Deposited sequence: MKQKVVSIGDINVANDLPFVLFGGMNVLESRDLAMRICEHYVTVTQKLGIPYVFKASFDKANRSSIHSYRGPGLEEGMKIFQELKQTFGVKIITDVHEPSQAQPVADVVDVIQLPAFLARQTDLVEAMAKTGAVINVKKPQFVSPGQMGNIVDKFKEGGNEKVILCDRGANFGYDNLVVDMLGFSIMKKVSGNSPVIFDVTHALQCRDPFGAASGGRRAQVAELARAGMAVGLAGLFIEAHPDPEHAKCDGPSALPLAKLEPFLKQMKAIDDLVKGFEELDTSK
């Protein structure tokens, strides 16, 4: 069966298409860092020729203290995304933490994503499906890949079929994650060949980003979620280019192989 294609503007995400890079930073901690980081991404994607989408969060709804920096907020944040939309013309992506935010954000941004922990809360879901916008579902660390279909079905019944499944690792004992490279195809098959991407940045939680990422891309994915930072979990900003080069070389190579049926 054909691979499902989900379009984010002029960009086309699908499992058998050049991978798409949903990359950016953790949180919009400043308009200067957001501007700075965003630019570096666009010029490199530009140069390398990789479908791109800027990603950043306007709020960290799950930090360990009520008094520890939360972020820009919904209002000030959409402003920063607006002048990024204007300055660089980049497609945007960010996570929503409550139904009430599904619409405000939905217009200002191109892709809204369902946090892992809140990935089963039906209300947040329906408000997102309502929106009709492109959605990035972050697979919970605690749910099997063979379960992702149901979340896809929930959005369908909620009137939205612009869903992208992002693996972000699986629980492996206490305080630790492992990435099941075989999960991708399972999410793939249980969701009408929906497009699957891979958030290497969170599945780590450094020296291994490269290895983890190559491994995933080698499997054959629709995209790659990632975060960077000039002075850092995140990829040092400067290395974004060699990184993507490797990533694109592997993607082009794997997307090029002809079908290989190892079942028989």
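Visitor: Would you flag the ranges of the deposited sequence that the structure leaves without C-alpha positions?
Guide: Missing C-alpha atoms (numbering from 1) occur across the ranges 206-217, 245-252.
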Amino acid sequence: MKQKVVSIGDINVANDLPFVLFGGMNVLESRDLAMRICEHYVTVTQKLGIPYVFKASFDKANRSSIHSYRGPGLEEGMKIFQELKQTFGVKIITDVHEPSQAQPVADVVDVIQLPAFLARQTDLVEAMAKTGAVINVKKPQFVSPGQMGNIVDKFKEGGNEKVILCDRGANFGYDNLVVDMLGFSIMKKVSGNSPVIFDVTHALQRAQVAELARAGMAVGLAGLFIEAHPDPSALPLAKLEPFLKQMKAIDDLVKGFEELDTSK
From here on, numbers count along this sequence of modelled residues.
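So that the term is clear: the rigid core is the largest set of C-alpha atoms that superpose within 1.5 Å between two forms.
Visitor: Quick check: by Cα RMS after rigid core superposition, does 68-76 or 141-149 differ more from this form in 7 other deposited structures of this protein?
Guide: With the rigid core fitted, 68-76 is the stretch that strays more in 7 other deposited structures of this protein.
Visitor: Between 131-139 and 170-178, point out the one with the higher average CA B-factor as the PDB entry records it.
Guide: It is 131-139.
Visitor: Give the stretch, out of 246-254 and 21-29, with the larger mean C-alpha temperature factor in the deposited entry.
Guide: So the stretch with the higher mean C-alpha B-factor is 21-29.
Visitor: For the CA B factor values reported in this entry, which option in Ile80, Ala116, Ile186, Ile151 has the top one?
Guide: It is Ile80.
Visitor: Can you work out whether the C-alpha temperature factor of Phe54 puts it in the lowest, middle or highest third of the chain?
Guide: Its C-alpha B-factor belongs to the middle third of this chain's values.
Visitor: Please say which third, lowest, middle or highest, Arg70 falls into when its CA temperature factor is compared across its chain.
Guide: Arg70: CA B-factor falls in the highest third of its chain.
Visitor: Compare the C-alpha B factor of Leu165 with those of the other modelled residues in its chain, then answer lowest, middle or highest third.
Guide: Within its chain, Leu165 is a lowest-third residue by C-alpha B-factor, going by the deposited values.
Visitor: Would you mind ranking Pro145 by its C-alpha B-factor against the rest of the chain and naming the third, lowest, middle or highest?
Guide: Its C-alpha B-factor, which the entry lists for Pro145, ranks in the lowest third among residues of this chain.
Visitor: Give the position of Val209 by CA B-factor within its chain, expressed as the lowest, middle or highest third.
Guide: Bottom third by C-alpha B-factor.
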